[PDB]
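Novice: sequence unknown, structure follows:
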């Protein structure tokens, strides 16, 4: 399948999907459903892949792509001065929030009532810096009414990092030590657990997903760590 549908108690007024590498037209190293236009692929192929995926996902409009910079800024999708941001927020029907990834954690959010949605691109830098709390801060609803879906990311068996990454996280939130295990001179990091921690700090505990690994599941996902020059997937959410 070209896409995954989040397994969460999705409100009737919300739609969401997350793409795989399967079912497009690109050739290696972008094989096949590469959505990224700035990673060296044949641009005709990328355009075709986007057409295929947007049709498969029944997107009502084109996604509002961001100029992702591995920061913590959120674009409120008001209908831009700048799209330099790593998350977006919408309360407008038909507006599609999207983040593009190939290892960095996508997080999709909505409220139980189905009146607000958001998408965050939470690579370790952005996650550490507070992109998830920034995104949550945009919601009008109460925190216990926010649902968060952890999309396909590089998982804890493959995401090896140096001690400086562990230090960066622990400097914000000491609990972060629980999300690393030592491997020689490095650490294996659980980005999912880090997300759960940082969201729990802001009262968001209804968390779903977190069961995939972009690195390990190579027939299903692109992985920057695995392949360096490769394609991108994306995660999408909208109010119907």
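Specialist: Arrived safely. Residues are numbered from 1 along each chain as shown.
Novice: quick one: the spatially closest residue to residue 125 that is not a sequence neighbour from residue 108, how far?
Specialist: In space, not counting the residues next to it along the chain, residue 125 is nearest to residue 70; the distance is 4.5 Å by C-beta to C-beta, 6 or more residues apart in numbering. In short, each C-beta sits where N, CA and C put it, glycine included. From residue 70 across to residue 108, the span is 19 Å (C-beta to C-beta, to the nearest Å).
Novice: okay, buried residues for stretch 202-219 please.
Specialist: For stretch 202-219, the buried set under the neighbour-count rule, 16 or more other C-beta atoms under 10 Å, comprises 202, 204, 206-210, 212-215.
Novice: what is the nearest of those to residue 185?
Specialist: Set against residue 185, the nearest of the buried residues of stretch 202-219 by C-beta to C-beta is residue 215 (20.1 Å).
Novice: how about the contacts made by that closest one?
Specialist: 103, 154-155, 157-159, 221, 223, 225-226 (C-beta atoms under 8 Å, 6 or more residues apart in numbering).
Novice: at 7 Å instead, please
Specialist: Residue 215 makes contact with 103, 154-155, 158, 223, 225-226, according to C-beta atoms under 7 Å, 6 or more residues apart in numbering.
Novice: greatest separation within those residues: which pair is it?
Specialist: Taking C-beta to C-beta, no two of the contacts of residue 215 sit farther apart than 155 and 226, at 11.9 Å.
Novice: so for those two, which residue has more residues nearby?
Specialist: Neighbours were tallied for residue 155 and for residue 226 using other C-beta atoms under 10 Å; the higher tally belongs to residue 155 (22 against 16).
Novice: secondary structure class for the closest residue in space to residue 173 that isn't next to it in sequence?
Specialist: Nearest residue to residue 173, sequence neighbours excluded (C-beta to C-beta, 6+ apart): residue 197, at 6.0 Å. Following DSSP: H, G, I helix; E, B strand; the rest coil, the label given to residue 197 is helix.
Novice: fine, thanks again, bye for now.
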